[PDB]
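Each value in this text was obtained by applying a stated rule to the coordinates, not by laboratory testing. In this analysis, Cβ positions are derived from the backbone assuming ideal geometry, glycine residues included, and neighbour counts consider all displayed protein chains.
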RNA sequence: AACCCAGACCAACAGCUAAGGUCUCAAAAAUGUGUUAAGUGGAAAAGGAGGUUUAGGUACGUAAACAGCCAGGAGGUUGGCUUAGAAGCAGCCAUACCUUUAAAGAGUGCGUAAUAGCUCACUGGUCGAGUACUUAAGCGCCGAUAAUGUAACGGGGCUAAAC
RNA sequence: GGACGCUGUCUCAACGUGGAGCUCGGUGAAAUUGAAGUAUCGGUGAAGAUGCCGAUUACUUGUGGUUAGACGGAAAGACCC
RNA sequence: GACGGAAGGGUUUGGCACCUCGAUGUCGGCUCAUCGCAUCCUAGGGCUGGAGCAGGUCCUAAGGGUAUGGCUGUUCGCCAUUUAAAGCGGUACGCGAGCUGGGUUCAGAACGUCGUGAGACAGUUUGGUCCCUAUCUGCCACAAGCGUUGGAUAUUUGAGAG
RNA sequence: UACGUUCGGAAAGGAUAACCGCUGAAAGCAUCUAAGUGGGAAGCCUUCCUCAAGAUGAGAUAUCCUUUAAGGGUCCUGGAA
Ligand SMILES: [Zn+2]
């Protein structure tokens with residue numbers, strides 16, 4: 001599956017030729033290199049290891065350094081991922097942004113924004129109690145279980161706790177524009193993560 | 001009326017769609033005469 | 001964003017002057033109607049001795065809203081009062097003339113005759 | 001048991017039969033067919049004829065007796081004369097056509113049905129409303145004719161659909177039969 | 001001695017060719033529960 | 001059709017069979033079809 | 001706790017037994033003759049019912065029984081009618097109607113306004129001995145169906161490690 | 001009871017402010033308390049099981065939340081007799 | 001499908017008085033659900049005195065969904081607009097150490113009826129405190145220690161689970 | 001933050017409920033079944049997304065280090081946390 005490690009620059013909008021506005025998210029692609037390969041007869045499966053923006057030479061541990069010993073003029077890469085079942089490339093290669101030039105839809109994977117310790121009403125769209133008529137119940141859970149049967153709280157009951165921070169992959173984002181000179185992709189819609197967080201863009205499954 | 005959209009491919013073909021058969025399994029499936037590309041649902045051909 | 005209990009100006013010459021929305025059609029929990037939707041109204045005030053009496057229930061189409069709704073080209077049109085037009089059984093305007101402007105989403109919602117009888121389309 | 005289980009099997013001259021290790025091969029003018037035979041039943045070829053008997057007398061063996069007799073008989077009649085089952089397409093605007101190893105059916109649906117013909121089986125047309133499936137195996141011939149019929153099962157109000165030729169469709173009435 | 005571990009170890013080969021009798025091949029069920037409500041999952045002998 | 005507990009022939013042309021472990025009645029008069037509950 | 005076995009003076013790293021079991025978890029079994037294919041065993045009614053083991057009756061037969069197939073399946077006579085039409089088949093009385101009688105009912109069913117028409121009972125050939133309906137006993141099937149999770153052998157599993 | 005006007009009462013909630021809550025330093029309780037290396041489900045049972053049988057799940061130990069249970073604590077039930 | 005017969009379900013009204021009176025807080029409503037299928041709708045069928053359409057009856061199937069207002073404390077019921085459809089039950093007739101006190105079930109007062117009266121009345125109307133900082137188990141989340149058999153740093157196959 | 005914007009509820013495959021078969025018995029017929037062989041659904045299992053080797057069954061692997069090295073932690077300046 002064709003994929004790339006990009007950085008979510010932000011959002012903007014563009015004007016189609018006839019006047020229709022399209023709200024887009026912009027992704028900037030630092031150069032991506034193929035660092036190694038995984039093979040079915042040696043690792044158990046076939047995948048390509050892909051890496052991106054470099055690290056500072058004072059903060060590269062020697063295991064990471066030795067990972068790149070045999071590669072020529074490829075500094076250590078901070079973001080490393082795997083592309084399963086891909087061919088057409090080998091160690092030392094380098095993937096342009098134009099691999100999406102023939103693609104209509106993409107999928108983007110990133111780390112969603114963190115919202116801290118969040119309550120039930122925000123986390124699960126719980127309604128609350130009334131704010132008047134004598135109510136002493138505003139944004140609490142309400143009841144949680146049943147009385148004596150089962151005499152416990154079922155596993156998976158939704159309560160308060162941390163919100164957000166998980167990975168998530170959003171599907172079928174239309175591809176609006178590709179700009180090779182500035183290494184940018186413009187997709188239509190929202191992309192998980194805060195500004196400057198790093199996403200992975202894959203060719204759409206459908 | 002917003003004029004009845006002519007059921008067209010993205011490759012300029014009509015999507016006539018038909019019914020393959022194979023091994024008890026009856027299949028309705030999409031077809032373009034311009035490009036002969038076979039899929040099932042004309043979603044995939046706009 | 002017309003919901004239930006909203007007051008509306010009847011913008012045609014049937015006789016009614018104020019209507020109240022009592023249902024938003026087409027949807028189970030549907031809560032808001034926009035320009036070009038059909039609602040069920042009760043008449044709360046009418047011109048005396050007219051063909052429309054106070055307290056009758058009809059279907060009406062929304063022609064002006066006071067909350068702006070996005071269009072494809074990015075433009076938003078926000079009127080200054082909420083107004084509707086009464087319809088007969090065929091989902092066609094019961095009246096013969098329409099007062100004031102209307103919004104052009106009636107064009108897309110296929111109310112061409114309301115659009116024509118309007119004075120200005122914005 | 002019953003006489004079909006014990007009735008002897010004649011062998012046509014052009015047809016050869018052979019039994020070995022729970023298997024039977026029947027090679028004829030038009031093809032070759034194979035069969036499994038269970039342990040409790042014994043199949044013998046003698047004097048240009050086939051006989052079947054049972055080592056045991058459990059009811060499974062009782063049924064097997066007739067089952068394998070009949071199968072081997074249909075296995076021999078096929079390699080000599082082949083099996084053929086026919087069909088009729090009746091109804092306004094219903095058509096059938098052939099291209100290579102597939103059939104195209106126009107049966108009122110908004111799509112024209114293509115139909116791959118499985119191997120080992122031939123299809124014969126008579127105009128555009130009569131079909132006849134021919135082949136070496138009765139089982140396969142019946143299967144194909146059945147699946148084609150299932151493509152558009154008949155109906156009783158007007159006889160429309162794809163019917164077996166030998167079948168008789170019970171018929172009902174609609175509007176005018178209820179006339180008072 | 002049931003107190004302690006004094007027996008030998010066992011390697012089973014050809015574990016995929018064990019034969020069953022009756023209709024067990026179609027009817028024996030292996031159940032499991034995820035501990036979440038309603039999360040009871042069955043699995044017949046074939047599929048397992 | 002007549003998923004009953006007592007399945008009996010209705011006309012002399014109805015016939016009794018047993019399929020996969022249920023008792024059934026089959027007839028030309030499709031109105032007579034039956035299976036035990 | 002109430003059922004079954006069995007009345008504890010104390011100690012023992014002794015033996016024989018009761019109830020209850022002898023595949024294992026978990027101390028204890030094997031051989032012989034039958035049944036069971038439903039995991040019945042390991043819940044339950046009336047009833048339905050070519051399940052099968054065994055035993056016993058009534059129909060029926062090597063002089064051609066059942067089933068299938070090849071023919072006949074008639075006429076007097078719309079049987080008398082009721083009714084508007086009943087021809088075998090809205091319905092009523094009976095078929096104490098004989099006849100050429102292969103064998104053919106005052107017609108078995110379907111469908112016809114009423115008929116027509118298509119079929120059955122019956123009988124002849126082909127093939128070749130059990131068939132066709134009941135009764136008694138042992139295991140079975142559906143019936144059989146509630147809510148935190150397989151949950152009506154303790155479980156694993158067992159076609160005997162069931163009876 | 002109805003009408004007018006007015007509104008976050010409601011569809012529908014979000015944001016902000018102030019005192020607590022959160023961490024650290026000092027000072028420092030209460031009711032309760034047979035103990036505890038206290039899991040769940042299906043059953044049984046003084047007839048609603050943390051302690052029994054079968055089975056399943058579970059590395060050890062905290063903190064911030066929420067009360068489903070421990071027929072919670074408080075009041076020798078006020079009702080009935 | 002008349003007149004009858006044989007069973008299940010344990011939800012309605014009851015029987016019984018077995019657990020509980022050094023306290024098992026009783027009816028609705030709000031918030032939050034979960035489970036059964038005897039299935040309201042969507043799905044797959046059989047047959048119709050099923051022409052089509054629209055149905056009726058029956059089988060399989062619980063994955064998802066199954067409305068907002070006027071009246072009543074109301075469950076229920078009725079009524080007005082809807083929707084493909086506005087299901088039936090269990091879970092202390094789900095859920096007050098979560099909320100609400102309208103009603104029920106205190107002491108006020110008045111009315112109707114009965115009693116000589118004091119008073120009584122699942123007759124009526126009005127007013128009339130809802131306590132508790134969570135020890136354990138359970139659940140929603142984040143860490144500490146430790147193991148994974150040389151010790152660490154990264155990329156991941158996947159049981160299993162949502 | 002939604003009162004906003006964008007996207008998602010598929011398609012396909014395997015085994016199947018009810019139902020319908022094909023070839024054929026026991027029972028010369030017939031029969032979906034008894035030997036086989038099939039179609040068949042918002043249902044089941046894969047497939048989509050998230051978590052996941054404390055899965056003690058503790059996986060696979062690329063590189064570094066070889067008596068305290070590799071590497072990690074504390075401290076401090078801070079965040080998209
Ligand atoms: Zn019949």
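What distance in nm separates the two pseudo spin-label positions at residue F:17 and residue E:46, each 7 Å out from Cα along the beta-carbon direction?
Taking the simple label geometry, residue F:17 and residue E:46 are separated by 2.3 nm.
Could you list A:106, D:15 in order of exposure, starting from the residue whose Cβ has the fewest other Cβ atoms within 10 Å?
If I rank by nearby Cβ atoms, fewest first, I get D:15, A:106.
Enter the Cα centre distance for the pair region D:139-180 and region C:70-122, rounded to the nearest angstrom.
With region D:139-180 and region C:70-122 each reduced to a Cα centre, they are spaced 55 Å.
Between residue A:86 and residue C:7, what's the calculated FRET efficiency when r is the beta-carbon distance and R0 is 41 Å? Round to 0.05.
It comes out at approximately 0.05.
Give the calculated FRET efficiency between residue A:184 and residue C:73 to the nearest 0.05, with a Förster radius of 25 Å applied to their Cβ-Cβ distance.
It comes out at approximately 0.50.
Taking springs between alpha-carbon atoms closer than 10 angstrom, which of A:87, A:73, A:107 fluctuates most in the Gaussian network model of chain A?
A:73
Based on alpha-carbon atoms only, what is the radius of gyration of region A:45-90 relative to the globular estimate 2.2 N^0.38 Å?
1.24
Could you give log10 I(q)/I(0) at q = 0.13, 0.17, 0.21, 0.22 Å⁻¹ for region D:3-101, computed by the Debye formula over C-alpha point scatterers of equal weight, without solvent?
Evaluating at q = 0.13, 0.17, 0.21, 0.22 Å⁻¹ gives log10 I(q)/I(0) of -0.54, -0.75, -1.02, -1.11.
If I take the Cα coordinates of chain D and project them onto the principal axes, what are the three extents in Å, biggest first?
For chain D, the Cα spread along each principal axis is 64, 46, 25 Å.
Roughly how crowded by other chains is peptide B:19-32, in terms of the mean Cβ count from those chains within 10 Å of each of its Cβ atoms?
Taking all residues of B:19-32 together, the mean is 4.
Kirkwood Rh over alpha-carbon pairs of region A:1-153, then Stokes-Einstein at 25 °C and 0.890 mPa s: what D in µm² s⁻¹, rounded to an integer?
Calculated translational D: 118 µm²/s.
Compute the projected area of the convex hull of the Cα atoms of region A:26-110, averaged over all viewing directions, and report it in nm² to one decimal place.
Its Cα hull, projected and averaged over all orientations, spans 7.0 nm².
Using only Cα atoms, locate the centre of region D:105-127 and the centre of region A:37-65, then give the distance between them in Å, rounded to an integer.
Rounded to whole Å, the Cα centres lie 56 Å apart.
When all C-alpha to C-alpha distances in chain B are sorted into bins of 5 Å, what percent of pairs does each bin hold, rounded to whole numbers?
5, 23, 27, 17, 14, 9, 3, 1, 1
So what's the Cα pair-distance distribution over region C:1-107, bin width 5 Å, in %?
Pairs per bin, as whole percents: 2, 14, 25, 25, 19, 10, 4, 1, 0, 0.
In whole Å and largest first, what semi-axes does the C-alpha gyration tensor of region D:49-116 yield when each eigenvalue is scaled by 5 and square-rooted?
For region D:49-116, the ellipsoid semi-axes come out as 43, 15, 10 Å.
Please state the relative contact order of chain D as a whole percent: Cα pairs under 8 Å, 6+ residues apart?
Worked out over chain D, it gives 18 percent.
Give the average over all directions of the projected area of the C-alpha convex hull of region A:83-206, one decimal, in nm².
Over all viewing directions, region A:83-206 projects a mean Cα-hull area of 13.7 nm².
Pop the C-beta distance of residue A:111 and residue D:2 into the FRET formula with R0 = 51 Å and round what comes out to the nearest 0.05.
It comes out at approximately 0.10.
With each label point set 7 Å from Cα along the Cα-Cβ vector, what nm distance links residue D:63 and residue A:136?
Between residue D:63 and residue A:136, the simple spin-label model gives 7.4 nm.
If each of residue D:170 and residue E:14 carries a label point 7 Å out from its Cα toward its Cβ, how far apart are those two points in nm?
Each label point is offset 7 Å from its Cα along the Cβ direction, giving 5.6 nm.
Would you kindly give the portion of the calculated P(r) for region C:10-70 that falls above 20 Å, as a percent of all Cα pairs?
Here the long-distance tail beyond 20 Å is 29 percent of all Cα pairs in region C:10-70.
List the relative contact order of region C:44-122 as a percent without decimals, with contacts defined as Cα pairs under 8 Å and 6+ residues apart.
23
Order of D:164, D:115 from fewest to most other C-beta atoms within 10 Å?
Ordered from fewest to most neighbouring Cβ atoms within 10 Å, D:164, D:115 come out as D:164, D:115.
Find the relative contact order for chain B and round it to a whole percent, using C-alpha pairs within less than 8 Å whose residues are 6+ positions apart.
32
Binning at 10 Å from 0, report for the protein assembly as shown what percent of all alpha-carbon pair distances ends up in each bin.
Once binned at 10 Å, the Cα pair distances of the protein assembly as shown give 2, 8, 10, 13, 17, 17, 15, 10, 5, 2, 0, 0.
Tell me, what is the Rg over Rh of chain E, with Rh the Kirkwood radius over Cα pairs?
That ratio equals 1.17.
When A:98, C:81, A:41 are ordered from fewest to most other Cβ atoms inside 10 Å of their Cβ, what list results?
A:41, A:98, C:81
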